[PDB]
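Those letters in the sequence shown? Residues 170 to 181, 184 to 273, per the authors' numbering, in order.
We put the beta carbon where it would ideally sit given N, CA and C, even for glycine.
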Amino acid sequence: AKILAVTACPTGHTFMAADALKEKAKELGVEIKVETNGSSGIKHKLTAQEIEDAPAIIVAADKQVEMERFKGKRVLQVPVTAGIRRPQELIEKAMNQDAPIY
Numbered sequence: 170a171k172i173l174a175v176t177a178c179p180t181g184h185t186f187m188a189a190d191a192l193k194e195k196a197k198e199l200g201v202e203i204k205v206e207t208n209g210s211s212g213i214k215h216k217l218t219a220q221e222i223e224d225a226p227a228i229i230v231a232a233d234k235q236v237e238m239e240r241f242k243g244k245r246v247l248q249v250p251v252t253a254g255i256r257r258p259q260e261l262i263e264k265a266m267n268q269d270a271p272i273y
């Protein structure tokens with residue numbers, strides 16, 4: 170199991188949020204995989220198996236993300252800016268499953 174994230178923004184912030192999440196996860200000694208949805212497209216797309224196994228998924232997004240793949244999973248939906256400003260809070264909420272089922 171590992172927590173997952175998706176970051177996205179209209180102009181494709185996306186990458187700054189992914190960076191902040193990854194750097195903070197390393198600081199906290201926890202694994203994370205971050206899918207990005209930017210201007211060039213999708214990178215590090217989450218797999219169905221990763222999603223099944225995830226305690227929760229962080230979706231830090233300022234544009235629409237494909238969400239139906241997350242049905243039944245706990246999803247912490249926040250603005251993309253939250254990934255930059257408060258990655259520790261998001262990671263620790265995801266770990267604690269402090270997120271509603273989608």
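*Assuming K204 contacts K234 (C-beta within less than 8 Å), just tell me the rounded distance between them.*
By 1-based counting over the sequence shown, the position of residue 204 is 33. By 1-based counting over the sequence shown, the position of residue 234 is 63. The pair is not a contact, with the Cβ atoms about 20 Å apart (cut-off 8 Å).
*Expressed to the nearest angstrom, what Euclidean distance is found between the alpha-carbon atoms of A219 and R240?*
For the purposes of this step, residue 219 is taken as residue 48 along the sequence shown, with counting starting at 1. For the purposes of this step, residue 240 is taken as residue 69 along the sequence shown, with counting starting at 1. Taking the straight line from one Cα to the other gives about 8 Å.
*DSSP three-state assignment for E206, whether helix, strand or coil*: Sequence index remark: in the sequence shown, residue 206 carries index 35 (1-based). Correct three-state label for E206: strand.
*Taking the alpha-carbon positions, what's the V236 to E194 distance?*
Translated into positions along the sequence shown, residue 236 becomes position 65. Translated into positions along the sequence shown, residue 194 becomes position 23. C-alpha separation (whole angstroms): 23 Å.
*If you draw a straight line from the alpha carbon of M187 to that of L199, how long is it in whole angstroms?*
Within the sequence shown, residue 187 is the residue found at index 16, counting from 1. Within the sequence shown, residue 199 is the residue found at index 28, counting from 1. A direct Cα-to-Cα measurement between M187 and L199 gives close to 18 Å.
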